[PDB]
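Worksheet: the structure to be examined is printed underneath.
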Amino acid sequence: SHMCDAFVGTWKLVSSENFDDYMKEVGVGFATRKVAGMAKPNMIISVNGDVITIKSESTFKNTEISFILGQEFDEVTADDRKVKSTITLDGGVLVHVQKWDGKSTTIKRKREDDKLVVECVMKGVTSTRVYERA
Ligand SMILES: O=C(O)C1=C(C(=O)Nc2sc3c(c2-c2nc(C4CC4)no2)CCC(F)(F)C3)COCC1
Ligand SMILES: [Cl-]
C-alpha cells in the first residue's frame with residue numbers, strides 16, 4: 001500500500017463551479033469551452049509500481065496521462081495545448097502544474113470525505129470540480 005491508494009478507482013463528475021471562466025483564463029476557445037463544459041467525464045486513476053495513470057473519459061474526448069511523481073512529462077491537453085507537466089504529492093494532495101508559453105496553471109486533486117475534489121487555478125481564477133465513486 002501507498003498513500004495514493006485513496007485516489008485509485010473510477011470517479012464520476014457530480015458538480016462543477018466556475019469552469020467556463022477557468023477555461024477562458026487558460027485560453028480555451030468558445031466552441032471547446034461549450035462542449036467541454038457540457039461533458040460529464042469519468043476519472044479513472046490507477047497505480048502500477050511507481051507509475052500513476054489518470055484517464056478522463058467523456059463524450060468528445062478521452063485523454064490519458066501516465067507519470068512518475070516528480071518527473072516532468074510532455075502533455076497534450078484536452079484543449080490541444082502542448083504543455084510541460086509535473087505532478088507531485090504534497091501533504092496528501094496530488095499537485096499538477098502545467099507550463100506553456102510563459103503561462104502556468106495548477107490542478108490539485110484531494111480526497112475529502114467520499115469525494116475527489118479537483119481545484120483548478122490560473123492567475124486568480126479557480127474552478128472546483130467534485131467527483132464521487134462511480
Ligand atoms: O478532470 C477535470 O475535471 C478537469 C478538466 C476537464 O475535465 N476538462 C475537460 S473534460 C472534457 C474536455 C475538457 C477540457 N478541458 C479544457 C481546458 C481547461 C483545461 N479544455 O477542454 C473537452 C472534451 C470533452 F468535452 F469531451 C471532455 C480540465 O481541467 C481541470 C480538471
Ligand atoms: Cl513527490
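Naming works like this for the C-alpha cells: A, B, ... for the chains as they're shown, residue 1 at the start of each chain, ligands 1 onward in shown order.
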Can you check which parts of chain A lie within 7 Å of ligand 2? Per residue, the shortest pair of atoms and distance in Å to one decimal, counting only C-alpha atoms and all ligand atoms, sorted by chain and number, as a tab-separated table.
residue	atom	partner	partner_atom_place_in_ligand_line	distance
A:69	CA	ligand 2	1 (Cl)	5.0
A:70	CA	ligand 2	1 (Cl)	4.9
A:88	CA	ligand 2	1 (Cl)	4.3
A:89	CA	ligand 2	1 (Cl)	4.9
A:90	CA	ligand 2	1 (Cl)	6.8
Would you save the residues from that selection as a PDB file, in the first residue's frame, using N, CA and C atoms?
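This is the output file result_19.pdb:
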ATOM      1  N   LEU A  69       5.793  10.453 -10.015  1.00  0.00           N
ATOM      2  CA  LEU A  69       5.775  11.667  -9.200  1.00  0.00           C
ATOM      3  C   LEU A  69       7.122  12.341  -9.267  1.00  0.00           C
ATOM      4  N   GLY A  70       7.130  13.676  -9.502  1.00  0.00           N
ATOM      5  CA  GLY A  70       8.341  14.479  -9.524  1.00  0.00           C
ATOM      6  C   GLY A  70       9.103  14.445 -10.837  1.00  0.00           C
ATOM      7  N   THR A  88       3.258  16.040  -8.340  1.00  0.00           N
ATOM      8  CA  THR A  88       3.857  15.623  -7.106  1.00  0.00           C
ATOM      9  C   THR A  88       2.732  15.364  -6.090  1.00  0.00           C
ATOM     10  N   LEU A  89       3.076  14.713  -4.995  1.00  0.00           N
ATOM     11  CA  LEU A  89       2.208  14.513  -3.840  1.00  0.00           C
ATOM     12  C   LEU A  89       2.705  15.394  -2.718  1.00  0.00           C
ATOM     13  N   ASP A  90       1.940  16.346  -2.276  1.00  0.00           N
ATOM     14  CA  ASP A  90       2.308  17.218  -1.231  1.00  0.00           C
ATOM     15  C   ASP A  90       1.300  17.174  -0.147  1.00  0.00           C
TER      16      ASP A  90
END
Could you give me, as a Markdown table, a per-residue list for chain A showing, wherever an atom lies at most 6 Å from an atom of ligand 1, the closest pair of atoms and their distance in Å to one decimal, using only C-alpha atoms and all ligand atoms and sorting by chain then residue number from low to high?
| residue | atom | partner | partner_atom_place_in_ligand_line | distance |
| --- | --- | --- | --- | --- |
| A:23 | CA | ligand 1 | 18 (C) | 4.6 |
| A:35 | CA | ligand 1 | 25 (F) | 5.0 |
| A:36 | CA | ligand 1 | 25 (F) | 3.4 |
| A:39 | CA | ligand 1 | 25 (F) | 4.7 |
| A:41 | CA | ligand 1 | 10 (S) | 5.8 |
| A:58 | CA | ligand 1 | 27 (C) | 4.9 |
| A:59 | CA | ligand 1 | 26 (F) | 4.8 |
| A:60 | CA | ligand 1 | 26 (F) | 3.4 |
| A:61 | CA | ligand 1 | 26 (F) | 3.7 |
| A:78 | CA | ligand 1 | 21 (O) | 4.6 |
| A:79 | CA | ligand 1 | 20 (N) | 4.0 |
| A:120 | CA | ligand 1 | 30 (C) | 5.5 |
| A:129 | CA | ligand 1 | 3 (O) | 5.7 |
*Among listed residues A:40, A:133, A:96, A:82, nearest residue 118 of chain A (using only C-alpha atoms)*: A:96
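Here atom CA of residue 84 of chain A and atom CA of residue 12 of chain A stand 26.4 Å from one another.
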_Give me, as a PyMOL selection string, all polymer residues having an atom no more than 12 Å from residue 50 of chain A, counting only C-alpha atoms and skipping those fewer than 5 positions away in the same chain._
chain A and resi 1-2+4+66-71
_8 Å contact set for residue 105 of chain A, only C-alpha atoms, chain neighbours under 5 positions out, as JSON, numbers by chain_ = {"A": [26, 97, 98, 99, 120, 121, 122, 123]}
Let's have the selection written as a PDB file, in the first residue's frame, with N, CA, C and O atoms.
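So again.pdb came out as:
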ATOM      1  N   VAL A  26      -7.445  30.115 -19.220  1.00  0.00           N
ATOM      2  CA  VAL A  26      -6.452  29.291 -19.856  1.00  0.00           C
ATOM      3  C   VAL A  26      -6.288  29.583 -21.328  1.00  0.00           C
ATOM      4  O   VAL A  26      -5.228  29.334 -21.865  1.00  0.00           O
ATOM      5  N   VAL A  97       1.157  20.734 -12.087  1.00  0.00           N
ATOM      6  CA  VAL A  97       1.453  22.017 -12.684  1.00  0.00           C
ATOM      7  C   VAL A  97       1.739  21.853 -14.129  1.00  0.00           C
ATOM      8  O   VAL A  97       2.486  20.942 -14.531  1.00  0.00           O
ATOM      9  N   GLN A  98       1.117  22.695 -14.955  1.00  0.00           N
ATOM     10  CA  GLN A  98       1.298  22.736 -16.372  1.00  0.00           C
ATOM     11  C   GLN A  98       1.863  24.043 -16.803  1.00  0.00           C
ATOM     12  O   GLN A  98       1.354  25.086 -16.407  1.00  0.00           O
ATOM     13  N   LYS A  99       2.922  23.975 -17.624  1.00  0.00           N
ATOM     14  CA  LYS A  99       3.600  25.178 -18.107  1.00  0.00           C
ATOM     15  C   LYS A  99       3.620  25.215 -19.640  1.00  0.00           C
ATOM     16  O   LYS A  99       3.954  24.212 -20.274  1.00  0.00           O
ATOM     17  N   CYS A 120      -8.772  23.845  -9.745  1.00  0.00           N
ATOM     18  CA  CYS A 120      -8.012  24.295 -10.892  1.00  0.00           C
ATOM     19  C   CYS A 120      -7.837  25.773 -10.771  1.00  0.00           C
ATOM     20  O   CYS A 120      -8.809  26.507 -10.568  1.00  0.00           O
ATOM     21  N   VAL A 121      -6.605  26.253 -10.907  1.00  0.00           N
ATOM     22  CA  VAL A 121      -6.356  27.689 -10.737  1.00  0.00           C
ATOM     23  C   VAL A 121      -5.446  28.237 -11.836  1.00  0.00           C
ATOM     24  O   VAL A 121      -4.436  27.657 -12.162  1.00  0.00           O
ATOM     25  N   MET A 122      -5.830  29.405 -12.357  1.00  0.00           N
ATOM     26  CA  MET A 122      -4.888  30.132 -13.217  1.00  0.00           C
ATOM     27  C   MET A 122      -5.069  31.624 -12.960  1.00  0.00           C
ATOM     28  O   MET A 122      -6.220  32.121 -13.080  1.00  0.00           O
ATOM     29  N   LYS A 123      -3.944  32.289 -12.580  1.00  0.00           N
ATOM     30  CA  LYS A 123      -3.877  33.630 -12.081  1.00  0.00           C
ATOM     31  C   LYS A 123      -4.936  33.652 -10.977  1.00  0.00           C
ATOM     32  O   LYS A 123      -4.855  32.893 -10.038  1.00  0.00           O
TER      33      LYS A 123
END
_Could you check the closest approach to residue 27 of chain A for each of A:104, A:42, A:128, A:85 and tell me which residue wins, using only C-alpha atoms?_
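The closest residue to residue 27 of chain A is A:104.
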_When you look at residue 115 of chain A with a cut-off of 9 Å (counting only C-alpha atoms), what residues show up, excluding the ones that are within fewer than 3 positions of it in the same chain? I need them as a PyMOL selection string._
chain A and resi 11+110-112+130-133
Could you save the residues just selected, with C-alpha atoms, as a compact mmCIF listing (two decimals), in the first residue's frame?
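What landed in result_25.txt:
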# COMPACT_ATOMS: atom_id res chain seq x y z
CA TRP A 11 -14.91 8.54 -10.30
CA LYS A 110 -7.71 15.92 -2.94
CA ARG A 111 -9.74 13.27 -1.18
CA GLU A 112 -12.39 14.86 1.09
CA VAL A 130 -16.28 17.39 -7.46
CA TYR A 131 -16.24 13.65 -8.29
CA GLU A 132 -17.80 10.74 -6.43
CA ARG A 133 -17.15 6.97 -6.90
*Write down as a list in words the residues belonging to chain A that are assigned alpha helix (DSSP H) by DSSP computed on the backbone.*
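Result set for chain A (alpha helix (DSSP H)): residues 19, 20, 21, 22, 23, 24, 25, 26, 30, 31, 32, 33, 34, 35, 36, 37 and 38 of chain A.
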Please write the residues from the selection above to a file, keeping N, CA, C and O atoms, as a PDB file, in the first residue's frame.
ATOM      1  N   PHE A  19     -16.070  26.653 -14.074  1.00  0.00           N
ATOM      2  CA  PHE A  19     -15.201  26.021 -15.042  1.00  0.00           C
ATOM      3  C   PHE A  19     -15.085  26.821 -16.334  1.00  0.00           C
ATOM      4  O   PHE A  19     -14.020  26.861 -16.946  1.00  0.00           O
ATOM      5  N   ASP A  20     -16.178  27.430 -16.769  1.00  0.00           N
ATOM      6  CA  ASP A  20     -16.110  28.212 -18.005  1.00  0.00           C
ATOM      7  C   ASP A  20     -15.110  29.327 -17.848  1.00  0.00           C
ATOM      8  O   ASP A  20     -14.314  29.584 -18.751  1.00  0.00           O
ATOM      9  N   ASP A  21     -15.164  30.066 -16.743  1.00  0.00           N
ATOM     10  CA  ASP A  21     -14.204  31.170 -16.552  1.00  0.00           C
ATOM     11  C   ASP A  21     -12.775  30.692 -16.427  1.00  0.00           C
ATOM     12  O   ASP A  21     -11.835  31.340 -16.915  1.00  0.00           O
ATOM     13  N   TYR A  22     -12.561  29.543 -15.750  1.00  0.00           N
ATOM     14  CA  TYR A  22     -11.219  28.952 -15.705  1.00  0.00           C
ATOM     15  C   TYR A  22     -10.751  28.689 -17.112  1.00  0.00           C
ATOM     16  O   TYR A  22      -9.617  29.032 -17.466  1.00  0.00           O
ATOM     17  N   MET A  23     -11.587  28.063 -17.937  1.00  0.00           N
ATOM     18  CA  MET A  23     -11.188  27.782 -19.299  1.00  0.00           C
ATOM     19  C   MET A  23     -10.914  29.062 -20.101  1.00  0.00           C
ATOM     20  O   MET A  23      -9.987  29.083 -20.917  1.00  0.00           O
ATOM     21  N   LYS A  24     -11.705  30.103 -19.909  1.00  0.00           N
ATOM     22  CA  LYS A  24     -11.399  31.393 -20.539  1.00  0.00           C
ATOM     23  C   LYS A  24      -9.994  31.873 -20.190  1.00  0.00           C
ATOM     24  O   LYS A  24      -9.278  32.325 -21.038  1.00  0.00           O
ATOM     25  N   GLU A  25      -9.662  31.779 -18.903  1.00  0.00           N
ATOM     26  CA  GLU A  25      -8.341  32.246 -18.452  1.00  0.00           C
ATOM     27  C   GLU A  25      -7.232  31.427 -19.066  1.00  0.00           C
ATOM     28  O   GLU A  25      -6.191  31.971 -19.440  1.00  0.00           O
ATOM     29  N   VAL A  26      -7.445  30.115 -19.220  1.00  0.00           N
ATOM     30  CA  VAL A  26      -6.452  29.291 -19.856  1.00  0.00           C
ATOM     31  C   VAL A  26      -6.288  29.583 -21.328  1.00  0.00           C
ATOM     32  O   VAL A  26      -5.228  29.334 -21.865  1.00  0.00           O
ATOM     33  N   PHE A  30     -14.253  29.393 -27.665  1.00  0.00           N
ATOM     34  CA  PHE A  30     -15.640  29.295 -27.348  1.00  0.00           C
ATOM     35  C   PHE A  30     -16.190  27.909 -27.574  1.00  0.00           C
ATOM     36  O   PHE A  30     -16.841  27.337 -26.686  1.00  0.00           O
ATOM     37  N   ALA A  31     -15.995  27.313 -28.743  1.00  0.00           N
ATOM     38  CA  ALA A  31     -16.703  26.041 -29.043  1.00  0.00           C
ATOM     39  C   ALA A  31     -16.204  24.932 -28.132  1.00  0.00           C
ATOM     40  O   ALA A  31     -16.980  24.127 -27.643  1.00  0.00           O
ATOM     41  N   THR A  32     -14.885  24.875 -27.938  1.00  0.00           N
ATOM     42  CA  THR A  32     -14.336  23.888 -26.976  1.00  0.00           C
ATOM     43  C   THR A  32     -14.830  24.119 -25.583  1.00  0.00           C
ATOM     44  O   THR A  32     -15.192  23.143 -24.904  1.00  0.00           O
ATOM     45  N   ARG A  33     -14.929  25.366 -25.130  1.00  0.00           N
ATOM     46  CA  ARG A  33     -15.489  25.616 -23.797  1.00  0.00           C
ATOM     47  C   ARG A  33     -16.867  25.076 -23.698  1.00  0.00           C
ATOM     48  O   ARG A  33     -17.255  24.515 -22.656  1.00  0.00           O
ATOM     49  N   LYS A  34     -17.717  25.290 -24.720  1.00  0.00           N
ATOM     50  CA  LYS A  34     -19.095  24.866 -24.611  1.00  0.00           C
ATOM     51  C   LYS A  34     -19.179  23.347 -24.556  1.00  0.00           C
ATOM     52  O   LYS A  34     -19.946  22.770 -23.716  1.00  0.00           O
ATOM     53  N   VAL A  35     -18.488  22.647 -25.404  1.00  0.00           N
ATOM     54  CA  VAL A  35     -18.542  21.178 -25.392  1.00  0.00           C
ATOM     55  C   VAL A  35     -17.861  20.608 -24.161  1.00  0.00           C
ATOM     56  O   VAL A  35     -18.410  19.675 -23.556  1.00  0.00           O
ATOM     57  N   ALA A  36     -16.739  21.179 -23.739  1.00  0.00           N
ATOM     58  CA  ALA A  36     -16.093  20.707 -22.502  1.00  0.00           C
ATOM     59  C   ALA A  36     -16.948  20.934 -21.310  1.00  0.00           C
ATOM     60  O   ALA A  36     -16.961  20.117 -20.388  1.00  0.00           O
ATOM     61  N   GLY A  37     -17.618  22.070 -21.242  1.00  0.00           N
ATOM     62  CA  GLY A  37     -18.468  22.396 -20.083  1.00  0.00           C
ATOM     63  C   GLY A  37     -19.648  21.469 -19.993  1.00  0.00           C
ATOM     64  O   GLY A  37     -20.102  21.205 -18.880  1.00  0.00           O
ATOM     65  N   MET A  38     -20.124  20.939 -21.101  1.00  0.00           N
ATOM     66  CA  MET A  38     -21.205  20.012 -21.085  1.00  0.00           C
ATOM     67  C   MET A  38     -20.750  18.583 -20.698  1.00  0.00           C
ATOM     68  O   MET A  38     -21.611  17.766 -20.341  1.00  0.00           O
TER      69      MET A  38
END
*asked:* Can you measure atom CA of residue 76 of chain A to atom CA of residue 63 of chain A for me? One decimal in Å is fine.
replied: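 Result for atom CA of residue 76 of chain A versus atom CA of residue 63 of chain A: 8.7 Å, one decimal.
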*Grab the atom CA of residue 73 of chain A to atom CA of residue 10 of chain A distance for me, in Å with one decimal place.*
23.4 Å
*Would you please extract all strand (DSSP E) residues from segment 29-131 of chain A, as assigned by DSSP on the backbone, and give them as number ranges by chain?*
A: 42-48, 51-58, 61-68, 73-76, 82-90, 93-100, 103-112, 115-122, 125-131
*From the set A:91, A:29, A:18, A:9, which residue has the shortest atom-to-atom contact distance to residue 52 of chain A, counting only C-alpha atoms?*
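That would be A:9, the residue with the smallest distance to residue 52 of chain A.
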